[PDB]
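Down below is the structure, laid out as structure tokens.
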Amino acid sequence: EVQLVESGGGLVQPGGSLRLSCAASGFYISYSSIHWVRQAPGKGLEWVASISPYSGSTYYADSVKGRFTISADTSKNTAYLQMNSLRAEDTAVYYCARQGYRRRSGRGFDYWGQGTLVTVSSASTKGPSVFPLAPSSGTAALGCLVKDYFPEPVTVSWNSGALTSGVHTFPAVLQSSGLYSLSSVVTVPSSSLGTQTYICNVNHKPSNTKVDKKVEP
Amino acid sequence: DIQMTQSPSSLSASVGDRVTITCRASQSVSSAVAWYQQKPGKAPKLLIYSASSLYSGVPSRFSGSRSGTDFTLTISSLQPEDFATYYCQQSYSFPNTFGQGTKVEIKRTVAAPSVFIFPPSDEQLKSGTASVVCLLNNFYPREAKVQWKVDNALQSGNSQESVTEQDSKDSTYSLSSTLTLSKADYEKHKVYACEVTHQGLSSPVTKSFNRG
RNA sequence: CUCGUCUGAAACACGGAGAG
Ligand SMILES: [Cl-]
Ligand SMILES: [Cl-]
Ligand SMILES: [Cl-]
Ligand SMILES: [Cl-]
């Protein structure tokens with residue numbers, strides 16, 4: 242199974258530097274071109290840089306030339322993006338993508354990693370508070386409110402991932418305070434509310450915050 | 012560098028419709044054009060490469076075509092799972108460049124929201140803030156109006172809304188509205204109501220509770 | 001050797017192919 246796993250994202254001060262890693266498995270980057278592509282929140286895909294196999298030639302978008310440096314370590318089977326003099330305009334999800342095999346897919350990028358968010362801001366990290374949205378007076382809705390955190394993102398799961406049907410985790414909204422807030426809800430049978438427990442699991446990696454919140458009637 | 016101009020920026024079409032997305036290159040890119048599909052919050056996936064070749068595993072309803080510098084992505088019979096943003100990309104010249112994307116919405120029958128209201132938790136009330144949440148579940152179309160009333164007084168300036176992306180199976184939306192008050196203001200009033208207006212509702216639906 | 005081309009896990013450099 243081909244996999245690309247980005248890491249190294251997070252909060253960085255304007256003017257700061259940060260290195261992203263793209264760890265490949267299931268194939269060797271020595272034989273493929275590897276590309277970095279970024280996507281600012283709500284916006285389009287933007288090509289950033291690439292590195293070619295056999296030659297190790299490197300190429301850059303004009304908006305990053307002179308500030309970013311792409312490289313690869315074949316023994317570690319990992320590609321890197323060194324980012325210097327970061328600005329707010331560089332805030333984005335950064336994806337690593339494999340350009341596929343020429344005979345099979347031309348120059349298309351045939352496998353993409355999940356992406357890692359880079360936030361360029363002077364604001365301080367802040368962990369969330371998690372509050373229950375309790376069910377009350379056929380179907381019942383319940384959820385959890387994840388309030389007052391920075392930066393993005395948070396991951397919410399229910400019953401440690403056993404429960405996905407009926408779940409809606411809403412996009413975060415930026416409050417007037419500069420802190421994010423989001424809710425996650427799930428609809429469940431009302432006949433089970435007295436015997437089926439429901440726990441919302443919240444992880445805010447930037448602040449090393451993990452919270453499980455029981456949601457009861 | 013080579014500009015890829017993509018049109019339209021968004022479209023809405025019914026299941027079974029033929030959808031066509033266009034991308035014009037600012038100079039020749041030979042046939043070195045790929046098309047990707049991106050579900051919200053997900054990694055893009057390759058659909059078409061070399062302008063007209065279908066990437067293996069992709070359904071045959073997707074096709075690509077080239078005419079000079081104009082490139083087209085066609086979905087011959089749209090399905091609910093085709094909700095996505097679609098991007099063209101040229102690989103003829105470094106720097107590679109992407110089109111701005113086309114957001115494709117699935118147009119389905121009208122569906123009224125199920126409305127729920129949640130009082131603030133006692134845990135939150137221990138601090139100085141009270142959040143009241145109104146949930147609009149599984150509706151279409153996306154336009155919906157939520158109004159908050161406290162003791163029948165219309166609220167302004169103190170709520171925020173978020174909407175989910177279109178569901179890839181039933182083509183509906185859900186929406187959360189959060190009213191934020193100081194604990195003092197929450198304690199000084201009794202009736203909390205969210206009034207919902209939607210094309211699926213013949214009259215506005217109000218869900219309310221009494222503090223206590 | 002050359003290439004606004006193709007191929008070798010390969011947009012450039014390199015090997016091979018094709019044409020000159
Ligand atoms: Cl904190
Ligand atoms: Cl098929
Ligand atoms: Cl033309
Ligand atoms: Cl009272």
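Chains as they are written, first to last, in the numbering used here: chain E, 242 to 458; chain F, 12 to 223. All residues carry an ideal CB built from backbone N, CA and C; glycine is no exception.
**OP:** Compute the distance between the beta-carbons of E/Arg308 and E/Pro255, then report whether it is under 8 Å.
**Re:** no
Original post:
Which first and last residues belong to the alpha helix (DSSP H) in which E/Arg344 is found?
Top reply: 343-346
**OP:** Sort E/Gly402, E/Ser401, E/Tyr421 by Cα distance to F/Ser173 and report the nearest one.
**Re:** E/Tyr421
**OP:** Could you tell me whether the Cβ of F/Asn148 comes closer than 8 Å to any Cβ of chain E?
**Re:** yes
Subject >> Within chain E, partners of F/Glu134 - CB distance below 8 Å >> reply: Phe372, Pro373
Original post:
Residues near ligand 1, CB to any non-hydrogen atom under 6 Å, in chain order?
Top reply: E/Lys367, E/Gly368, E/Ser448
Original post:
Comparing the C-beta of F/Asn107 with each C-beta of chain E, is any distance below 8 Å?
Top reply: yes
Original post:
Based on Cα-Cα distance, which residue from F/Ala24, F/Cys34, F/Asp133 lies nearest to F/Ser42?
Top reply: F/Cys34
Subject >> Cα-Cα separation between E/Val359 and F/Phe94, rounded to whole angstroms >> reply: 26 Å
**OP:** Using a Cβ cut-off of 9 Å, pull out every chain F residue sitting near E/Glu287, in sequence order please.
**Re:** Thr108, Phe109
**OP:** Starting from the N-terminal side, write out each stretch of the alpha helix (DSSP H) that is 4 residues or longer and does not extend beyond the region 335-375 of chain E.
**Re:** 343-346
Subject >> Beta carbon proximity, residue 235 of chain E to chain F, threshold 8 Å >> reply: There is simply no residue 235 of chain E to check, as chain E begins at 242 and stops at 458 in what is shown.
Subject >> Beta-ladder partner(s) of E/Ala381, from DSSP >> reply: E/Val429
Original post:
Leaving out the 5 sequence neighbours to the left and right, which residues in its chain are closer than 8 Å to E/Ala302 when beta-carbon positions are compared?
Top reply: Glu287, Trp288, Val289, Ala290
Original post:
For F/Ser185 versus F/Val157, is the C-beta distance shorter than 8 Å?
Top reply: no
**OP:** Confirm, please, whether the CB-CB distance from E/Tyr335 to E/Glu393 is below 8 Å.
**Re:** no
Subject >> Exposed unless 16 or more other CB atoms sit within 10 angstroms - verdict on F/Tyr60 >> reply: buried
**OP:** Would you give the residue range spanned by the beta strand (DSSP E) that F/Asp162 belongs to?
**Re:** Looking at the DSSP string, F/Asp162 is not in any beta strand (DSSP E), and its letter there is neither H nor E.
**OP:** For E/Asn444, write down the residues that DSSP places opposite it in a beta bridge.
**Re:** E/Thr396, E/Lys451
**OP:** Taking the CB atoms as reference points, tell me whether E/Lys367 and E/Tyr390 lie closer together than 8 Å.
**Re:** yes
**OP:** Note the first and the last residue of the continuous beta strand (DSSP E) segment covering F/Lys118.
**Re:** 113-118
Subject >> Contacts of F/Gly112 in chain E (Cβ-Cβ under 9 Å) >> reply: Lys284, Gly285, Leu286
Subject >> Unbroken beta strand (DSSP E) run spanning F/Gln38, endpoints >> reply: No beta strand (DSSP E) holds F/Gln38; DSSP gives it neither H nor E.
Subject >> Assigned secondary structure, F/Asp93 (DSSP; H/G/I helix, E/B strand, else coil) >> reply: helix
**OP:** Return yes when at least one heavy atom of ligand 2 lies under 7 Å from the C-beta of F/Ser67, else no.
**Re:** no
Subject >> Distance between E/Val443 and E/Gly347 (C-alpha atoms, nearest Å) >> reply: 41 Å
Original post:
Using a beta-carbon distance below 8 Å, is F/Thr175 in contact with chain E?
Top reply: yes
Original post:
Listed in chain order, which residues are found with a beta carbon closer than 5 Å to a heavy atom of ligand 5?
Top reply: Of the ligands one can find in the structure shown, namely ligand 1, ligand 2, ligand 3 and ligand 4, none is ligand 5.
**OP:** To the nearest angstrom, report how far apart E/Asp453 and E/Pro430 are at their CA atoms.
**Re:** 21 Å
Subject >> Cutoff 8 Å: E/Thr428 Cβ touching any chain F Cβ >> reply: yes
Original post:
Closer than 8 Å, CB to CB, is F/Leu57 near chain E or not?
Top reply: yes
Original post:
Of all Cβ atoms in chain F, is any one closer than 8 Å to the Cβ of E/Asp303?
Top reply: yes
Original post:
What residues in its chain sit with their C-beta under 8 Å from that of E/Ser425, if we drop five residues either side in the sequence?
Top reply: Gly384, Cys385, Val387, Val397, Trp399, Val408, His409, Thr410, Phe411, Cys441
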